[PDB]
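Worksheet: one structure, shown below.
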Amino acid sequence: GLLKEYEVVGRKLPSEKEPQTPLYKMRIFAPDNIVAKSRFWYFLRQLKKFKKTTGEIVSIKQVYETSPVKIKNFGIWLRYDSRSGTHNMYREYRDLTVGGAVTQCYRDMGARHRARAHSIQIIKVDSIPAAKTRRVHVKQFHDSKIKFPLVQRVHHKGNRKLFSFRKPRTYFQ
Amino acid sequence: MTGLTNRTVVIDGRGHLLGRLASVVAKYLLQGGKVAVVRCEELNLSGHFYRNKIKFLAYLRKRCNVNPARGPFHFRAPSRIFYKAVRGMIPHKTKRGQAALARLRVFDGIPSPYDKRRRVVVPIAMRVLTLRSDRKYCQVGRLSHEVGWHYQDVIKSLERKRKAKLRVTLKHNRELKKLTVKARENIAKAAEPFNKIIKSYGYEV
Amino acid sequence: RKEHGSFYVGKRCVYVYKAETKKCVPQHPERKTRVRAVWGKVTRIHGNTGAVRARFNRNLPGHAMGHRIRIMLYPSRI
Amino acid sequence: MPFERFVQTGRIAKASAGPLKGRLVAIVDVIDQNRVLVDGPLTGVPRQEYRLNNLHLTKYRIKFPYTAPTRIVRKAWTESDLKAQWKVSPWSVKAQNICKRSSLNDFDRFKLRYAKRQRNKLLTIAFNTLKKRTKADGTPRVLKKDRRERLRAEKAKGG
Amino acid sequence: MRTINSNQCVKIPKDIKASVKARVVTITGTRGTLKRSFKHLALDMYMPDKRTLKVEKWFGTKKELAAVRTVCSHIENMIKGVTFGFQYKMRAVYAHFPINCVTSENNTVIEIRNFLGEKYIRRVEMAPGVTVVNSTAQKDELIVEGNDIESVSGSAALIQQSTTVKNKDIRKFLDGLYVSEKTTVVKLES
RNA sequence: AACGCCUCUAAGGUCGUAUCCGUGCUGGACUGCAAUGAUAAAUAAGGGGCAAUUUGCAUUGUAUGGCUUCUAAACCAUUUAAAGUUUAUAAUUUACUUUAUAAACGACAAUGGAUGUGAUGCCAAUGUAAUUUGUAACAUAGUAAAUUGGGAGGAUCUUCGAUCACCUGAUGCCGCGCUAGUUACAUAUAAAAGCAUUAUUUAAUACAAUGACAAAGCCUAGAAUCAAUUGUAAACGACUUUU
RNA sequence: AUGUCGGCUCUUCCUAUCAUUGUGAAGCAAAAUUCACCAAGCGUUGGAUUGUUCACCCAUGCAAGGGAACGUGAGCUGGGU
RNA sequence: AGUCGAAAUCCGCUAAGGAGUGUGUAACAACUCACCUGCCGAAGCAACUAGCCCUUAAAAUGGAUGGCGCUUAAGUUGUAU
RNA sequence: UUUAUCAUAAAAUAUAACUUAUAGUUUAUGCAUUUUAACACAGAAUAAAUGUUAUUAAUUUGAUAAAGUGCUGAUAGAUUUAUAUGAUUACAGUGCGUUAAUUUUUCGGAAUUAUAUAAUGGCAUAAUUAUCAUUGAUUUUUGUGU
């Protein structure tokens with residue numbers, strides 16, 4: 001998916017010896033609105049007693065990133081597990097929204113580390129302002145303004161005529 | 001003239017690779033081809049000058065152990081090392097797989113009216129369209145020489161003959177194409193000839 | 001592309017191929033009968049670039065894989 | 001440096017690939033090695049995500065702050081008189097084949113194409129009008145100088 | 001990482017009239033003109049409309065944008081090659097047999113023998129634009145000439161390889177032909 | 001050099017082996033290929049070419065409703081994914097050669113085709129079809145052709161290379177037939193009720209391919225193969241020869 | 001009913017290389033020799049007893065390396081078995 | 001004697017000179033280090049961890065991702081339709 | 001969100017003076033001017049951009065279900081001797097026999113109620129069953145009025 005964001009609260013069904021259980025909350029980025037409903041149990045089973053089904057999942061809430069037109073960059077903390085070197089991890093990826101900032105982060109983490117999705121827990125997402133990105137492949141884009149003639153195309157290759165007549169001559173300056 | 005799509009397709013090979021040309025022209029050739037591929041001496045291959053030599057020395061090592069005019073018939077001219085990618089792709093043990101290799105000629109030394117009939121381009125085949133920078137690449141007309149084609153220079157005694165002969169022909173048509181627009185000054189006041197096309201093509205016409 | 005070929009829904013499909021004798025008089029509009037042709041009808045777009053499968057009256061005689069069959073406009077619309 | 005096509009803010013661009021196929025939009029900021037936040041306020045599209053690959057670039061860099069709202073871009077695009085000078089670009093006259101040669105109607109196409117007969121009907125009579133130093137005169141031009149008397153003098157006949 | 005941008009624009013002296021036909025650096029000067037080709041080495045340069053010459057690699061990994069100083073290094077030698085030239089020196093040290101190093105013109109490659117007073121005339125030809133003359137007023141020294149820095153040392157390397165000992169411990173017999181100085185022919189004294 | 005230094009590599013130019021590839025030497029798409037020689041009996045009569053032809057009937061193929069044609073004339077002339085290219089001006093040059101300046105172009109909508117890139121055909125109809133139509137006036141433009149010798153030209157498994165396109169000596173006089181725009185006129189032709197029609201889709205034209213028949217002139221005057229030999233060959237055949 | 005052990009004759013391929021071509025290492029002065037990379041191109045034997053593979057000799061050698069379809073009996077031999 | 005190796009052991013001197021760093025230096029020494037400052041002025045450096053390539057890694061008939069082949073992939077990975 | 005307003009912030013860059021450097025420049029090594037793609041946060045003004053709060057224009061984004069929302073284009077396929085031993089029937093649609101005007105076309109059409117309901121919701125109150133809760137709200141049985 002495009003990794004939309006849901007916040008989620010659990011219940012721990014209201015058993016009479018102590019009613020009104022404390023209702024802990026997560027922040028789940030997830031490929032679907034159907035799948036975070038059984039990912040929340042995977043996060044919750046690290047801390048409290050609380051096993052499905054001794055608890056309910058009161059409202060998942062899709063939340064709608066607030067500032068899409070601005071280009072604010074985020075850092076993510078991270079827990080990858082490769083072959084046996086499970087770890088802590090900090091990265092960032094400069095994206096438009098937060099929901100695009102986790103699809104890309106998965107599909108970099110699966111791209112250089114192989115790091116399947118069953119070993120990643122998005123433990124924290126912070127909106128980093130500036131000046132604390134380590135991240136040499138990012139913060140060279142902080143430098144507004146920039147001349148940047150990195151002339152690319154899609155390279156749609158090339159197009160329709162599979163026996164053309166006109167010599168496709170990229171550079172065109 | 002006519003054929004099933006045209007009478008022919010003749011493909012220049014500067015940067016038109018071996019692999020992503022064959023794999024197009026093979027699939028084309030079971031659909032009405034009548035094609036031919038020329039100027040074969042500067043096709044390209046991945047790896048390099050010494051590496052994809054060693055692609056061609058596994059299959060030159062492969063004799064046929066018992067009667068070696070029995071099996072593998074290698075071919076040293078760089079025409080029919082094109083063809084070595086167009087034999088795998090057509091299942092030549094049917095009497096239909098062989099119903100394209102009588103359509104298909106492959107040339108190297110551009111004679112024989114595939115020198116005046118107009119050549120074309122196929123896009124994905126271009127070395128300038130699927131190979132990035134700094135990844136080196138071998139060249140067929142200066143590899144197959146050093147796996148033994150005896151005419152790497154015997155083309156050039158005639159290739160420069162035609163490349164000198166093509167100089168004056170473009171100069172034969174240089175001022176003659178220029179004579180057209182010189183004659184086009186005498187025609188813009190024919191009766192009222194031009195507004196039908198300045199409304200139609202009419203940008204530079 | 002598959003937006004092109006969907007204009008070839010529902011057309012007939014017809015293919016001529018030559019043979020020796022006549023064996024039939026010219027009565028429905030004139031035929032000296034040297035040409036012989038089975039018939040049919042295309043249906044639906046199949047390939048993600050425009051290859052569009054097609055059914056015939058009998059069965060496409062098997063040696064035609066590289067014969068110049070046709071599609072006429074009947075029937076058509078705007 | 002050969003004065004290359006500089007993808008810099010805020011140059012206007014004409015995209016080809018995505019949903020801007022027919023839109024004139026301008027760059028807000030570069031995002032990463034592939035992504036650009038692009039916008040055209042006068043054409044009917046706001047800012048959104050876009051690849052650096054989907055679009056070609058024009059050659060008209062117009063100044064903006066790099067954290068500009070659209071309204072001053074809405075101000076400055078009209079100030080920079082692009083809409084005047086867009087359709088005078090000599091190969092954006094060539095852009096009018098998507099603005100006139102689209103759909104190329106079949107209720108005038110004879111007059112769009114029997115005039116190419118009419119141009120060619122007077123073309124070749126202006127051919128064999130050689131200047132190639134013959135001159136003069138290449139007999140049997142004695143029986144063609146009367147034909148060529150109708151080109152030069154002209155009055156009256158040859159000869 | 002695909003880092004973005006790195007350039008270099010070296011200062012150009014007033015005497016020269018240098019140009020690039022898009023990939024090929026040419027530079028003319030006092031001793032003539034030397035132009036070596038870079039149609040394939042994957043770099044981007046253009047003289048920024050001045051005497052000077054600027055270079056650029058857009059979006060390289062790390063082997064790729066190593067190239068920016070290299071072509072720069074490959075042409076700052078070419079400054080010195082056309083206005084000064086190049087010269088190396090072979091010292092020709094032996095132990096017992098005096099080596100016989102002769103040259104001539106033109107026929108200015110080498111003619112040597114007597115190593116170790118042996119029978120085979122070793123002989124090494126040179127590169128064009130390069131001449132090899134023995135040094136006068138100095139015992140068994142040599143002078144290289146030329147303008148291509150990647151040909152004068154190689155011509156010196158072609159007389160570095162030949163000659164050599166065979167089969168023996170080279171730490172006993174240290175005889176050989178060696179380069180001593182890296183010199184130009186005009187700058188600055190000569 | 002990135003790694004201010006160095007450093008045989010980070011891309012780059014080179015020294016090198018009985019190895020491996022090639023000449024070199026032996027068989028050769030068993031019958032692939034190249035030019036090249038001869039080309040019949042008889043000369044009464046025939047046979048065989050020249051023929052692609054002049055001359056009909058008869059058949060195929062191809063554009064099938066006159067055209068779902070084309071055209072066999074270009075994009076460097078070592079080589080490049082930022083790289084650049086193309087035309088100018090001036091120097092230079094055999095060369096759009098080299099040089100310098102100027103833009104033009106901006107891997108834009110375009111281009112990946114009608115630049116139909118010796119600028120296509122989709123036609124002369126001035127009733128233009130499964131035939132042709134014609135006569136004038138007006139203007140501007142005004143082409144296509146055919147007869148007589150000397151020379152520069154043109155090959156890379158060739159759709160005619162013992163000839164061939166170009167210029168000229170020069171014969172001659174088509175002035176046979178040109179085309180466009182405006183307006184008038186003389187017509188002929190053209191309708192398969194089939195009206196929800198096509199169907200084993202004619203086919204003429206024209207193109208070429210033809211072959212056959214009596215039609216059409218010309219050109220033409222041998223080899224092979226064994227048998228019989230011989231002996232440089234030999235299980236036989238083949239192979240070298242001979243009258 | 002797959003004729004099962006050796007030698008003879010005989011094509012072959014194989015690198016984990018004996019020695020020959022090109023190097024590099026060393027407690028490599030030289031001569032001599034050792035190491036190690038690349039390298040299958042021609043080479044790797046004549047004899048005493050045994051029925052042999054090995055074993056062990058004698059000698060040539062400026063020098064004698066290993067291996068494959070149990071290579072192989074309508075090719076033999078039949079000495080053992 | 002500052003110096004194969006040192007029990008020791010401070011300091012004086014001074015920005016910086018330690019019973020001393022030194023070429024299998026047997027004495028003094030010669031002698032440069034450490035160190036401080038000149039010089040240049042934005043990033044450098046130590047081990048650590050783990051994706052692919054990389055070494056590893058050698059078979060006998062000549063031939064195997066299944067062939068043709070690919071290399072800002074037709075490739076090893078997470079994936080959109 | 002966006003756009004349009006709000007008051008300030010606090011101004012990080014972009015329009016907006018002139019330096020210096022940089023080379024090519026003129027005149028006699030410097031200046032005169034030219035490219036500053038060196039461009040001195042080098043200057044103010046300005047965007048009060050950016051920063052803060054709040055409201056917003058056809059009150060503005062798009063996702064995810066729901067309604068014949070409304071077609072327009074197609075594909076292949078069509079059982080049945082229901083007596084060759086048992087509705088060919090019933091739903092609906094058509095043209096004939098009250099009405100009154102409103103309206104429109106005026107050539108039709110067109111449009112009008114009361115005629116009777118259990119009414120079924122809207123609302124109001126009575127009333128109760130019952131409820132996480134309970135200001136309450138979900139209701140249940142209803143009852144009545146509108």
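As a convention, Cβ positions derive from the backbone with ideal geometry for all residues, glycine included, and neighbour counts pool all protein chains shown. None of the figures in this text is laboratory data; all of them are computed from the coordinates on show.
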Next on the checklist: Taking beta carbons within 10 Å but only from partner chains, what does the mean come to for residues A:132-145?
Outcome noted: 3
Item to check | Span from the region E:1-20 Cα centroid across to the region A:86-117 one, whole angstrom | outcome: 39
Checklist entry - Relative contact order for chain B using alpha-carbon pairs under 8 Å, separation at least 6, rounded to a whole percent? => result 29
Next on the checklist: If amide hydrogens are placed 1.01 Å from N in the peptide plane, which non-local residues have theirs closer than 5 Å to the one on E:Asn134?
Outcome noted: E:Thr103, E:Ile143
Next on the checklist: Past the 18 angstrom mark, what percentage of all C-alpha to C-alpha distances in region B:122-205 do you count?
Outcome noted: 74
Item to check | Cα-based equivalent ellipsoid, the protein assembly as shown: semi-axes from gyration tensor eigenvalues, Å | outcome: 55, 52, 36
Checklist outcome for this item: Cα-Cα longer than 23 Å, checked against B:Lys189/D:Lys116; D:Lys21/D:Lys100; B:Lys136/E:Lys54; E:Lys17/E:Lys80, kept in input order, equals B:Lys136/E:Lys54
Checklist outcome for this item: In order over region A:64-78: 3J(HN,Hα) from phi, Karplus 6.51/-1.76/1.60, θ = phi - 60°, whole Hz, x for each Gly or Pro, gives 5, 3, 7, 10, x, 6, 6, 10, 5, 9, 10, x, 10, 7, 7
Next on the checklist: With loop defined by DSSP as not H, G, I, E or B, and exposure as at most 11 other Cβ atoms within 10 Å, which is the longest segment of chain B clear of exposed GluC sites (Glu not before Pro)?
Outcome noted: B:1-184
Item to check | Karplus (6.51, -1.76, 1.60) ³J(HN,Hα), θ = phi - 60°, over region B:118-130, in Hz, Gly and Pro reported as x | outcome: 6, 9, 10, 10, 10, x, 5, 5, 5, 5, 7, 9, 9
Item to check | Of B:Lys84/B:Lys116; A:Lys48/A:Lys132; B:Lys34/B:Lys95, those spanning more than 25 Å from alpha-carbon to alpha-carbon | outcome: B:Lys84/B:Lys116; A:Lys48/A:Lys132
Next on the checklist: Student exercise: in region C:4-78, how many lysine pairs 8 or more apart or on different chains have Cα atoms under 17 Å apart?
Outcome noted: 4
Checklist entry - From the cross-link list D:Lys14/D:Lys75; B:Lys178/D:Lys131; B:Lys196/D:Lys155; B:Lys199/D:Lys94; B:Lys182/D:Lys131, which pairs have alpha carbons spaced over 22 Å apart? => result B:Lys196/D:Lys155
Checklist outcome for this item: chain D: relative contact order from alpha carbon pairs under 8 Å, six or more residues apart, as a whole percent, is 15
Item to check | Positive minus negative residues near E:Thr164 (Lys, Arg vs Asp, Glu; Cβ under 11 Å) | outcome: +2
Next on the checklist: Just to check I understand the Karplus step: with θ = phi - 60° and J = 6.51 cos²θ - 1.76 cosθ + 1.60, what whole-Hz values come out for region E:130-142, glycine and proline as x?
Outcome noted: 10, 10, 10, 10, 5, 7, 7, 6, 7, 5, 6, 10, 10
Next on the checklist: Please report the spacing between the Cα centers of region D:7-86 and region B:152-178 in Å, no decimals.
Outcome noted: 47
Checklist outcome for this item: Summing -39500 (n - 2.57) over every DSSP H run of at least 4 in the protein assembly as shown, dividing by its residue total and rounding to the nearest 500, the 222 nm mean residue ellipticity is -4500 deg cm²/dmol
Checklist entry - When Cβ neighbours within 10 Å are restricted to other protein chains, what is their mean count per residue of peptide B:122-128? => result 5
Checklist entry - What area, in nm² and to one decimal, does the C-alpha convex hull of chain B cast on average over all directions? => result 16.9
Checklist entry - Quick one: Cα centre-to-centre distance for region C:31-70 and region B:1-46, in angstrom? => result 27
Checklist entry - Taking square-rooted eigenvalues a ≥ b ≥ c of the alpha carbon gyration tensor, is region B:1-59 rounded, prolate or oblate, where a/c under 1.5 means rounded and, failing that, a/b exceeding b/c means prolate? => result prolate
Next on the checklist: For a quick check, take a GNM of chain A with Cα springs below 10 Å and name the residue from A:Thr103, A:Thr86, A:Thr133 with the largest mean-square fluctuation.
Outcome noted: A:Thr86
Checklist outcome for this item: chain C: relative contact order from alpha carbon pairs under 8 Å, six or more residues apart, as a whole percent, is 38
Next on the checklist: Less than 16 Å apart at the alpha-carbon level, and either on another chain or at least 8 residues along: which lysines does that give for A:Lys49?
Outcome noted: A:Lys12, A:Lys17, A:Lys25
Checklist outcome for this item: Comparing A:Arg45, A:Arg94, A:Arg27 in a Gaussian network model of chain A (Cα, 10 Å), the one with the largest mean-square fluctuation is A:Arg45
Checklist outcome for this item: For D:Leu37, the residues 5 or more places away or on another chain with a placed amide H closer than 5 Å to its own amide H are D:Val28, D:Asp29, D:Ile31
Checklist entry - Mind checking which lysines have their C-alpha under 17 Å from D:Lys157, skipping anything on the same chain fewer than 8 residues away? => result D:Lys144, D:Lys145
Checklist outcome for this item: Averaged over residues of E:51-61, the number of beta carbons from other chains lying within 10 Å of each residue's Cβ is 2
Checklist entry - Considering every pair of different Cα atoms, what Kirkwood radius, in Å, is found for region A:41-173? => result 19.1
